[PDB]
Amino acid sequence: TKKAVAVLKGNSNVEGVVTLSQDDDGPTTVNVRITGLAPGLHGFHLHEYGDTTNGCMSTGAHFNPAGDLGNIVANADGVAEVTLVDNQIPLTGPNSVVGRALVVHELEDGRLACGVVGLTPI
Amino acid sequence: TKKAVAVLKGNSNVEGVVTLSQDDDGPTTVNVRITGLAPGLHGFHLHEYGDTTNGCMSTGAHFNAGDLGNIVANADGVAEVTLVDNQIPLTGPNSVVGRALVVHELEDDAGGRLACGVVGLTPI
Ligand SMILES: [Zn+2]
Ligand SMILES: [Zn+2]
């Protein structure tokens with residue numbers, strides 16, 4: 001019943017799209033497609049601020065109302081495509097992640113790419 | 001007591017930064033700095049979706065009020081201005097957080113969507 005999207009870019013080759021969906025206070029479904037990554041595990045995190053005025057560093061710290069989505073895996077071609085299901089990522093209420101940032105890291109759980117979490121049509 | 005920011009980019013030379021600040025449910029202060037504009041008036045709008053998957057077109061329609069009016073680019077293509085608007089909430093059901101700010105090719109009704117950015121949270 002509620003949806004969000006983040007377009008990831010940064011000072012690097014890495015880019016992609018993340019779509020988030022949640023019904024009520026239920027679990028949040030995260031659909032990840034990120035390209036240009038070095039093969040292997042990459043930390044993938046909610047960060048506190050949807051502030052990209054200074055690249056990905058201006059998004060501040062790992063976000064804790066939880067914010068740890070774990071690793072995503074890039075394949076031999078630098079593509080990470082995966083669907084995660086997380087309970088600690090609300091799109092509504094006081095702890096909404098709307099307007100915050102999604103950040104993908106150089107190393108496993110160095111901010112290669114990020115995007116503001118924005119509203120998108122239901 | 002609450003703040004947001006949008007970094008504007010698009011399929012054009014236009015880019016820049018907009019900060020928003022609001023105490024309580026009072027008036028919203030909007031600081032604008034956009035560069036690479038043609039000299040003259042440019043429509044400056046809230047649009048409904050912070051969705052840039054299809055460039056600025058995916059931000060959907062102007063959203064309400066959501067008409068911030070015009071900004072003025074100077075001879076060097078720079079538009080640097082502070083606006084005060086009462087209908088741009090940063091809290092509550094109508095919050096514009098996670099929506100989009102869009103700067104237009106033409107003066108406010110507006111032609112091409114030159115640049116846009118998602119409205120995101122920023123500290124303090
Ligand atoms: Zn992180
Ligand atoms: Zn518009």
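Note that ligands are numbered from 1 as they come in the structure, with each ligand's atoms numbered from 1 the same way. Every chain is numbered from 1, with letters handed out A, B, ... down the list of sequences. Heavy atoms only: backbone and side chains are in, while hydrogens, waters and symmetry mates are out.
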Problem - Stacked cation flag B/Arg99 on B/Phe63, 6.0 angstrom / 45 deg - result: yes
Exercise for the section: Evaluate side-chain hydrogen bond (donor to acceptor under 3.5 Å, both in side chains) for A/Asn31 paired with A/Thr83, printing each intermediate quantity in order. Expected result: CA-CA 5 Å; A/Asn31 297 113; A/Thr83 300; 2.9 Å; yes
Exercise for the section: Sort out for me which residue in A/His62, A/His45, A/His42 forms a ring-ring contact (aromatic ring centres under 6.0 Å, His included) with A/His105. Expected result: A/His45
Handout entry: Sphere of radius 2.8 Å around the Zn ion (ligand 2) - protein N, O or S atoms inside
Key = B/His45 ND1, B/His47 NE2, B/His104 NE2
Mark yes or no for whether [X], through its side chain, and [Y], through its backbone, hold a donor-acceptor pair below 3.5 Å.
X       : Y       : answer
A/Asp23 : A/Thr1  : yes
A/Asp77 : A/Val79 : no
A/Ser58 : A/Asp51 : yes

